[PDB]
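One-letter residues, chain by chain:
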Amino acid sequence: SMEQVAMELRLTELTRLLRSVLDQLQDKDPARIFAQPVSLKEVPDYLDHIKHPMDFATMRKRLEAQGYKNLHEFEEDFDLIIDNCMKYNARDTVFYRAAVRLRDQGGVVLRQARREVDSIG
């Protein structure tokens, strides 16, 4: 159908908006602490602590499969990256502090993306 295509054009445009948002959030992690999954070879107990691991490369694979239906699903994944870090790592660590700064700095990008998604539809 002609509708399904119109749907697909918006999903594609959402993917286009979300890609730009992902790049902006990831620029806020210049140390690349959140770029890749936590290694199960290097932290073999990690899944005993964190049940839903997430990282920027994993979010990107989902994004490029147009696996995000709306901004809310995308935000859930971003929030996992932060909250998992803040649980696994103690307060006085470079990792925890990196997550606090990503959360704070990402807030502004996410604020505007929500207006853009409502606005453009």
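Residues numbered from 1 in each chain as written, not as in the entry; some residues may be left out. Heavy atoms only, no water. Residues with missing side-chain atoms left out of burial classes, pairs and counts.

The name given to the protein chain in the PDB entry is Bromodomain-containing protein 1, and the organism recorded there is Homo sapiens.

A. The arrangement of the side chain of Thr15 in detail. Take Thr15: it is sitting in helix α1 (residues 2–27). Since its relative accessible area comes to 3%, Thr15 is described here as buried. In this structure, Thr15 is in contact with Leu63 and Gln66, ignoring residues within four places of it in sequence. (Helix = DSSP H or I, 4+ residues; strand = E, 2+ residues; numbered from the N terminus. Buried < 20%, exposed > 50% of the residue type's maximum accessible area, 1.4 Å probe, protein only. Contact = heavy atoms within 4.5 Å.)

B. Focus on the nonpolar core. Among the nonpolar cores identified, the biggest contains 26 residues, and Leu25, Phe34, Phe56, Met59, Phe74 and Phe78 are the most heavily contacted of them. For this core, the secondary structure elements donating two or more residues are α1, α3 (56–64), α4 (71–88) and α5 (94–120). Not counting residues within four places of it along the chain, the set of residues in contact with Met59 comprises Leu22, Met54, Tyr68, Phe74, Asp77, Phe78 and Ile81. (Core = buried A, V, L, I, M, F, W, Y, C linked by side-chain atoms within 4.5 Å.)

C. Layout of the side chain of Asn89. Counting through the fold element by element, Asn89 comes out in the loop between α4 and α5. If sequence neighbours within four positions are ignored, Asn89 has contacts with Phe95 and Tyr96.

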